[PDB]
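Before any comments, here is the structure.
Heavy atoms only: backbone and side chains are in, while hydrogens, waters and symmetry mates are out. Each chain gets a letter, A, B and so on, in the order the sequences are listed, and its residues count up from 1.
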Protein chains: 2
Amino acid sequence: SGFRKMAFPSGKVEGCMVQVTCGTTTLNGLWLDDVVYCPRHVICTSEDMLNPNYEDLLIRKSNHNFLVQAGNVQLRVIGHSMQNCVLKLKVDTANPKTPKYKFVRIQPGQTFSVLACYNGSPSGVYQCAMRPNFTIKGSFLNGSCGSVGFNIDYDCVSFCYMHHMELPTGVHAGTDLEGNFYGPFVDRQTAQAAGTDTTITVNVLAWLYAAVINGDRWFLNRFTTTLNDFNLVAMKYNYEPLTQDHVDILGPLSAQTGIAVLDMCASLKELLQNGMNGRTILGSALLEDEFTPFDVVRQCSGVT
Amino acid sequence: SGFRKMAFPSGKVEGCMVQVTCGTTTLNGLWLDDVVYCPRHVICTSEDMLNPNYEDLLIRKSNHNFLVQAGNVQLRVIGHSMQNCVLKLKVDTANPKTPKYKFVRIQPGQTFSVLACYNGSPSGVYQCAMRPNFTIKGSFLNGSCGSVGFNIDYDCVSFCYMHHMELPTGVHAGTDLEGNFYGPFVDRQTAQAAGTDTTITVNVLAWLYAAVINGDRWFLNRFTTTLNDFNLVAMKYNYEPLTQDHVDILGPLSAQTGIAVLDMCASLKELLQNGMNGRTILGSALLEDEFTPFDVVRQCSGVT
Ligand SMILES: Cc1ccncc1NC(=O)[C@H]1C[C@H](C2CC2)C1
Ligand SMILES: Cc1ccncc1NC(=O)[C@H]1C[C@H](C2CC2)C1
């Protein structure tokens, strides 16, 4: 028992972190096979970041200008290319610590772990969720760019995120491992405002099932609702609309606890309308939305 | 910016996790140098756990009864001994992945990361705090015993905890790496109730400084207090008494923000007396006490 914001073990990702320096900017790179992946804004100076033309900036850069260091040893750069907002540095040595890996572009609502890094060195690991406005509420300082987000299925690491920037509101923006930004953000020092940060309804429900499984049941009520009635309530409180796809994914949790999905929606509805009244659920005084139904099943079953 | 419940990177600890089987019980072991550390209750059967005599139980066990497997390879056991509530299995091979390490017995209020494991395999990593009642609010299922708690200083892993049991209240109990239980708990299937779980005052204050550093300032007030006045309030709300030692450790945070420690205590006092009034601090609707002043400084500076 006990329910925690758990991140994946980070060892397989630690073995891929390298430091990339270009000119006077140092950030993190991801070394997989003979390729180092890093944010293309590594080639920018402070003046360049206001309105950068990456194609023009990259012309003045050669393989020897990109300094890649893994631990205390230097990697020889034999090729460089730009793929959207990421640079791919072909090195002459394949990373001996390369795990089985995939590059996946996640959907908003999905969760992942972040290995925050500085100068190619890991500082910590935490669990995140891609917000419905395509931002992440991370913990990143200057030098953390190139830190990656990932999920693990037994031995395979699915890289889903690479950190690029902090918006003026302190929230974070970045790309998948193909260089495409999540959301409408661009890698430029310009004010870009985030859209409405709605709550991930299916995740809150999965977390409510995790609470029932672990003993916290006070919020269970004698009511039920319909998908349309629930969604009227969800709209009012800036919750994501729940679909039958979301109900389908909650199926294993509904089966284990014996509480029908719509019954849990009615409990969630009363919680939205009345609040917690000074009480807590899983040691939290607010409704947690950064546990997917898969994370709840994984944690409550002990998947390694 | 952004403030997250961050765990240490777990790679160095993943390389030490092994599976230990004795008879029909399988749990986790920690392989450092040529020694495997695991909970001594691995030698117990269900009937034994009610009132076990570990010295008597250990007499009927030989080196060959302890099956140690690291990944898919078997370790040869050449010695076994009991040190308090942990068994030390001398193996003929030193762990090639042994990091620089120390065994430390932490004080309540101190935080650490837990690499939850099942069958010698890591499932996840989360941040914990040793509660003032010597329990931990973890996330552990059957098979997770032997999972360890640790902190990291650059390259040195300080092992501070080894998981042993779940109390009937769903909270967790365990030992330091010398086999001594934190608190008054014994490794026996008997009801053992936890003491008052007070809030770690110095940690809440450190988290309030982290909130000011990251933009959340609404809770700052025009008041101040004294250590004795604050402690009257802290006693009422089951908060740990604050000492000048705690004030000393908050010094770097007080210096960075320019908010005197006692001024922050007055803000905390008003928060205890009035509540959050539906507001949040660092995305939390309750006062977080599992960030030490050291964790706040580390995260807010980017220590790797
Ligand atoms: C200062 C900081 C903190 C956290 N995360 C990231 C950063 N860095 C940035 O946001 C910088 C590089 C960005 C360029 C437009 C691409 C501006
Ligand atoms: C079932 C479980 C779940 C989480 N953590 C731990 C456990 N296991 C236990 O508490 C068992 C082994 C204990 C023996 C008295 C020493 C009883």
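Closest of all the heavy-atom pairs between B/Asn277 and B/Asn274 is OD1-O, 3.7 Å. A pairwise comparison of heavy atoms in A/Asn95 and A/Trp31 identifies ND2-O, 2.9 Å as the closest pair. For the pair A/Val36 and A/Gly29, the tightest heavy-atom approach, listed with the atom from each and the gap, is CG1-CA, 4.0 Å. Taking each heavy atom of B/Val125 and B/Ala7 in turn, the nearest pair found is CG2-CB, 3.8 Å. Shortest non-hydrogen contact noted between A/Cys160 and A/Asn151 is SG-ND2, 4.2 Å. Minimum interatomic distance between B/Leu250 and B/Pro293 (heavy atoms only, all atoms of both residues): CD2-CG, 3.8 Å.
A salt bridge is defined here as a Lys NZ or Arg NE, NH1 or NH2 lying under 4.0 Å from an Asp or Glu carboxylate O, and A/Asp197 with A/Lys137 meets this definition. Using a 4.0 Å cut-off between charged nitrogen and carboxylate oxygen, B/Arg4 and B/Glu290 do not count as a salt-bridge pair. Salt bridge status for A/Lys269 with A/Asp229: present, with a side-chain N to carboxylate O gap under 4.0 Å.
Ring pair A/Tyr126/B/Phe3: centre-to-centre distance not below 6.0 Å.
The closest side-chain donor-acceptor pair between A/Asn119 and A/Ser121, if any, does not fall under 3.5 angstrom. The closest side-chain donor-acceptor pair between B/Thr199 and B/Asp289, if any, does not fall under 3.5 angstrom. Looking at A/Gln83 and A/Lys88, their side chains do bring a donor and an acceptor atom within 3.5 Å of each other. When only modelled atom types and interatomic distance are considered, A/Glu240 and A/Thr198 share a side-chain donor-acceptor pair under 3.5 Å. Side-chain polar atoms of B/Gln299 and B/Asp295 form no donor-acceptor pair below 3.5 angstrom. A donor-acceptor contact under 3.5 angstrom links the side chains of A/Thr175 and A/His164, judged on distance only. Side-chain N/O atoms of A/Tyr101 and A/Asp33 include a donor and acceptor closer than 3.5 Å. Side-chain atoms of A/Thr26 and A/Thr21 include a donor-acceptor pair closer than 3.5 Å. Side chains of B/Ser1 and A/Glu166: a donor on one and an acceptor on the other come within 3.5 Å. Neither side chain, A/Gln110 nor A/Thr292, offers a donor N or O lying under 3.5 Å from an acceptor on the other.
With values rounded to the nearest 0.5 angstrom, B/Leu205 atom CG is found 9.5 Å from B/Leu287 atom CG. Atoms OG and NZ, on A/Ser158 and A/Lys102 in that order, are 6.5 Å from each other to the nearest 0.5 Å. Between the SG atom of A/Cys22 and the NE2 atom of A/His41 there is a distance of 11.5 Å, given to the nearest 0.5 Å. Put simply, OG on B/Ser10 and CZ on A/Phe8 are 11.5 Å apart, with the number rounded to the nearest 0.5 Å. Interatomic distance, CG of A/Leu27 versus OH of A/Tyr118, reported as 12.0 Å (0.5 Å rounding). Here B/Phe294 contributes atom CZ and B/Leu253 contributes atom CG; the two are 10.0 Å apart, rounded to the nearest 0.5 Å.
Within the 4.5 Å cutoff, the side chain of A/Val86 has no heavy atoms near those of the A/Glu178 side chain. Side chains of A/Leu32 and A/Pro99 form a contact here, defined as non-hydrogen atoms less than 4.5 Å apart. Counting only heavy atoms from C-beta outward, the side chains of A/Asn28 and A/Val18 never approach each other to under 4.5 Å. Side chains of A/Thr201 and A/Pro241 form no contact here, defined as non-hydrogen atoms less than 4.5 Å apart. Taking the side chain as every heavy atom from C-beta outward, A/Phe66 and A/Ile43 approach each other to under 4.5 Å.
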Exercise. Which is it for A/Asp248 and A/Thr243 under the side chain to side chain contact (heavy atoms under 4.5 Å, CB included) test, yes or no, and what are the steps along the way?
Worked result: CA-CA 9 Å; A/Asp248 294 348; A/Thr243 64; over 6 Å; no
Exercise. Does the side chain to side chain contact (heavy atoms under 4.5 Å, CB included) test come out yes or no for A/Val212 and A/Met264, once each step is laid out?
Worked result: CA-CA 10 Å; A/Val212 170; A/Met264 191 67 92; 3.9 Å; yes
Exercise. How far apart are the C-alpha atoms of A/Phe159 and A/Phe112, what are their side-chain angles, what is the distance that settles it, and do they pass the ring-ring contact (aromatic ring centres under 6.0 Å, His included) test?
Worked result: CA-CA 9 Å; A/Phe159 292 102; A/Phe112 56 94; over 10 Å; no
For this session: Might you work through the ring-ring contact (aromatic ring centres under 6.0 Å, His included) test for A/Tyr161 and A/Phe150, ending with a clear yes or no?
Result: CA-CA 7 Å; A/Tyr161 177 83; A/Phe150 62 95; over 10 Å; no
For this session: Under the side-chain hydrogen bond (donor to acceptor under 3.5 Å, both in side chains) rule, what do A/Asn133 and A/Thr135 come out as? Steps first, then yes or no, please.
Result: CA-CA 6 Å; A/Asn133 61 7; A/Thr135 70; 2.7 Å; yes
Exercise. Would A/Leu271 and A/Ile281 count as a side chain to side chain contact (heavy atoms under 4.5 Å, CB included) if you check the C-alpha gap in whole Å, the side-chain angles of each, and the deciding distance to 0.1 Å?
Worked result: CA-CA 11 Å; A/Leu271 282 167; A/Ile281 299 165; 4.2 Å; yes
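Ring pair A/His172/A/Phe140 is perpendicular by interplanar angle, where above 60° counts as perpendicular and below 30° as parallel.
The closest donor-acceptor contact from the side chain of A/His163 to the backbone of A/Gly174 lies at 3.5 Å or more, if one exists at all. With B/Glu14 contributing its side chain and A/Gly11 its backbone, the two residues share a donor-acceptor pair below 3.5 Å. Side-chain atoms of A/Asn231 do not come within 3.5 Å of backbone N or O of A/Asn228 as any donor-acceptor pair. One N or O on the side chain of B/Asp216 and one on the backbone of B/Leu282 form a donor-acceptor pair closer than 3.5 Å. Using a distance-only test at 3.5 Å, with no hydrogens or angles considered, a donor-acceptor pair links the side chain of B/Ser123 to the main chain of B/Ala116. Judged purely by atom type and a 3.5 angstrom limit, A/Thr280 has no side-chain atom pairing as donor or acceptor with the backbone of A/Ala285. Counting only distance, with no hydrogens or angles, the side chain of B/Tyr209 and the backbone of B/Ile259 share a donor-acceptor pair below 3.5 Å. A distance-only check finds no donor-acceptor pair linking the side chain of B/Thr111 to the backbone of B/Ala129 [under 3.5 Å]. Using a distance-only test at 3.5 Å, with no hydrogens or angles considered, no donor-acceptor pair links the side chain of B/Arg279 to the main chain of B/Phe219. The backbone N or O of A/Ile136 sits nowhere less than 3.5 Å from a side-chain atom of A/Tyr182 that would complete a donor-acceptor pair.
Within a 6.0 Å radius of CZ in B/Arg217, other residues, nucleotides and ligands contribute 12 heavy atoms or fewer. Heavy atoms from other residues, nucleotides or ligands lying under 6.0 Å from NZ of A/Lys97 number 12 at most. When the shell of 6.0 Å around CD of A/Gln273 is examined, it contains more than 12 heavy atoms from other residues, nucleotides or ligands. Summarising the local packing, CG of B/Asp153 is surrounded by 12 or fewer heavy atoms from other residues, nucleotides or ligands at distances under 6.0 Å.
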Counting only pairs under 3.5 Å, give me each side-chain donor-acceptor contact of residues 50-59 of chain A, with atom names and distances, residues two or more places apart or in other chains.
{"unit_1": "A/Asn51", "atom_1": "OD1", "unit_2": "A/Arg188", "atom_2": "NH1", "d": "3.2"}
{"unit_1": "A/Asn53", "atom_1": "OD1", "unit_2": "A/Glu55", "atom_2": "N", "d": "3.4"}
{"unit_1": "A/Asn53", "atom_1": "OD1", "unit_2": "A/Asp56", "atom_2": "N", "d": "3.4"}
{"unit_1": "A/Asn53", "atom_1": "ND2", "unit_2": "A/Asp56", "atom_2": "OD2", "d": "3.4"}
{"unit_1": "A/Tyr54", "atom_1": "OH", "unit_2": "A/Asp187", "atom_2": "O", "d": "2.7"}

